[PDB]
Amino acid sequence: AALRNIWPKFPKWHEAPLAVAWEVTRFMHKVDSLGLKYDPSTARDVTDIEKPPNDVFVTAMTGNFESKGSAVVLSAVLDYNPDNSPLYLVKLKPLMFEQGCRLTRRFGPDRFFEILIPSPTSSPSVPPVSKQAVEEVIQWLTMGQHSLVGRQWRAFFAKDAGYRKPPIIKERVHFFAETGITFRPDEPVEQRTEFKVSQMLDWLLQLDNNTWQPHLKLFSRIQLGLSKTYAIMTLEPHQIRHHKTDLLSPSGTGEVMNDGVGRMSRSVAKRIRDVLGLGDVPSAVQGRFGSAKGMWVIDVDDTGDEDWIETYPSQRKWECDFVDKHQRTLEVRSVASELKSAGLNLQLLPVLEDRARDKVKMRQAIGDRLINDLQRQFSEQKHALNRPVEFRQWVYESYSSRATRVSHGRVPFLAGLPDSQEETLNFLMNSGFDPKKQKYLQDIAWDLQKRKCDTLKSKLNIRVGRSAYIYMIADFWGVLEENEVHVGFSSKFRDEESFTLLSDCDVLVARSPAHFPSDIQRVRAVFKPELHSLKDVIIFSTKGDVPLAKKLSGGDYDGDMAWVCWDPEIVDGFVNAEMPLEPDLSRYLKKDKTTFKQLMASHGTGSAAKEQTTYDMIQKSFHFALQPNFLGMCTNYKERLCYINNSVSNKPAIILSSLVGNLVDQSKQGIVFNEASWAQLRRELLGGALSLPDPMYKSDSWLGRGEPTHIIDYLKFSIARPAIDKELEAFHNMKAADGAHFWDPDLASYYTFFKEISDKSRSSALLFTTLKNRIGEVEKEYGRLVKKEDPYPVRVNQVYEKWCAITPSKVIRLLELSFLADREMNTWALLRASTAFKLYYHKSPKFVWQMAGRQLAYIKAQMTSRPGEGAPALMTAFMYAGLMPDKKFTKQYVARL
């Protein structure tokens, strides 16, 4: 309680633009009758007054916190303050641009403030102040306004942000600015009318027509207003087709067959392409529209050019009138785009094996694939090392630097070589060095492969080229039969056969996470020309008793993606399983069903009652949301117990699958599940208080007895590790080495050159001896500071600074080339590198290459040039970074040779 002054105080020193106030307050970095005064508001860069970029600042000052659909964000991080004298330390983050949302577009980003705060229901770090208290924290966040940068902030939403480092579990809480110093009673940022959270929520959800909803679920729908989305277009009432019924089963079971998905007209789809700047028209988008959320797919039957969209009951999360423009605006979160290979995750393996007709054969196949994959990998690197052009291509494919190059506009350099080992190899190879000839490169290439082996031991990867995660859609047009799916691609899906569609074959579909044996299903891919224009989506039938998506771990067509696999080896043994009869767990899982109406009865009728009920929902929902979550604990418990049983289909496996199936829906479903319910369910149905071990596959080595038997144990320890160990032993054998050597007669060329001049001139000899000596001093400082585990980059740079200081008559002017702004590009730099190489190449080779790699590459390129054999090119750092190896050149050139 005495939680009475957590936020920074606002002084009357109170007329500053909101952006100016927050950035000035950001002083916190820490000064509390000094003559502080309001300097003369029109700044366009923060430096003029951990830094907000100017573009953000201009939009904050002049753009009303909005630009290109991006909103400036008032985000803050709160962490427990160490001192425990009679709580949190606020750290207002820099102003940043984040994608906007319905609520910020309708009321203004400046009126929204988001914080990351430690959960009060959490852990040793939690201060004793643990001895209380949660009600007091929740009251602090909800019951009252919060003053900050001259605005009164009220809380209206909370969501789990997960474990965060000050590690503890932190909540994201959202606040709305209801009033302020610049605010007006009953629009620019400064001239803002005062609006209560209760009205802001009533605008979004139209509570008067939704009091029948469980308030917990209603509260969860607030997330639609905060969904970060691209505003595409606004549609007119006569352009919106609200259906009053979903597509239902033809078998009369009553099941909804298009849960979450509707059609849009082809023109609407075109506007999406135009607004988002997309190479083609998207077949389907994940979006929001009024109360509706889910997927929209092009009506392949739309021949006109008129804009329209439909909604369905399964999509509309609350009764909406769709009157306000912002409730009629199509909002896209993502579009169905070109697919990539998915591989096979380990959760799928137990179910795949559980459903195999021949478990021994299915195991044998997965293992033979992995052995074939690892053997290919090891063999390809060995072949690549033989030729620089081939090794450059392999080194480029193993690690991606484009992100690092784009952010820097160049390959970043530490001292005389690029930061990364893979860039050091390519850079040095581009200058003519050979890994099989220059030991320095040989060693580097040895590290990377040795580190690559260590990455394989840690993580088991079964990669299947013929798999992909794909948005799921339902078949509005009735062309697909119950067990048929349609899959066409927007481009070539490449597997070392290639595909543009799937036709006349079986496929597996699943959703991750898969738990029940039926959470994977085998189906027949049939390409229907009627659907040819829908690409990068998989289309399920709308016939049959139950929608196929429902079978995929309770899936639907509202944004769900399916794992789709058409690898014939993985598919052919699979035997479908009926959906499981889920046990009754109500003894352990209590559902709070209280409706908004029931909440209101406590207060009466009319605006005053409704507003009270609304702030009630918020506080109660905050309590629920802050209750410790057990999804992860129970998921891990299931993994450990199913491992022990080697079963995913027996009685405890179904129980745990049903349990975790309800723990994901916890916020929307109002499911209560505390520590005591977990202890009771374990005691009565599982292994009681016993703490379960971790599966053996969770460590790098087989620490068990006898040969591994669990499929994941078998693949990681009986297939993968022995193969990896065989390559490592081959690599360890190195000892064997007509070999790679540090010495390169090319790199001493400048040294020998200047030695001949020095022998005939005393004046030049003195400069040479000085140079030789100063280099010696720096090599001793490298031994001192580099060979000292303050940080390693800093220490290398420290020597590099001393190295670059080694500086030098027509001879001096020709050596120094003063007109060059970058002294590392003059002839003295070459000479220094050559002389250092000559004197320290065998004693201390890393010093020479780390200090002078850059110039050694220059010397090498110069020396290996041959008259009339083409021209070496001197690339600028920027232009060098934008180039990549040409895969076709390597294959074509290698074939010729």
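One rule holds for the numbers: they count along the sequence shown, beginning at 1.
Gap size between residue 2 and residue 3, counting deposited residues with no coordinates: none, 1 to 3, 4 to 9, or 10 or more?
Count of unmodelled residues in between: 1 to 3.
If the chain runs straight from residue 584 to residue 585, say none; otherwise bin the unmodelled deposited residues as 1 to 3, 4 to 9, or 10 or more.
Count of unmodelled residues in between: none.
Between 470-478 and 88-96, which has the larger average Cα B-factor in the PDB entry?
According to the entry, 88-96 carries the higher average C-alpha B-factor.
Which is higher on average in the deposited entry, the C-alpha temperature factors of 859-867 or of 843-851?
The stretch with the larger average C-alpha B-factor is 843-851.
Go through 260, 632, 128, 432 one by one and give the residue whose Cα B-factor in the PDB entry is largest.
When the deposited C-alpha B-factors of 260, 632, 128, 432 are compared, 128 is largest.
Between 750, 399, 527, 499, where does the Cα B-factor run highest in the record?
Each of 750, 399, 527, 499 was compared by C-alpha B-factor; the highest is 399.
Among the modelled residues of this chain, does the Cα B factor of residue 711 put it in the lowest, middle or highest third?
Within its chain, residue 711 is a lowest-third residue by C-alpha B-factor, going by the deposited values.
Quick check on the deposited entry: does the C-alpha B-factor of residue 688 sit in the lowest, middle or highest third of its chain?
Ranked within chain, residue 688 CA B lands in the lowest tercile.
What third of the chain, by the recorded C-alpha B-factor, contains residue 787?
Its C-alpha B-factor, which the entry lists for residue 787, ranks in the highest third among residues of this chain.
By the record's CA B-factor, is residue 240 among the lowest, middle or highest third of residues in the chain?
For residue 240, whose C-alpha B-factor we compare with every modelled residue in the chain, the answer is the lowest third.
Taking only the Cα B-factors deposited for this chain, tell me whether residue 20 sits in the lowest, middle or highest third.
Highest third of the chain for residue 20's C-alpha B-factor.
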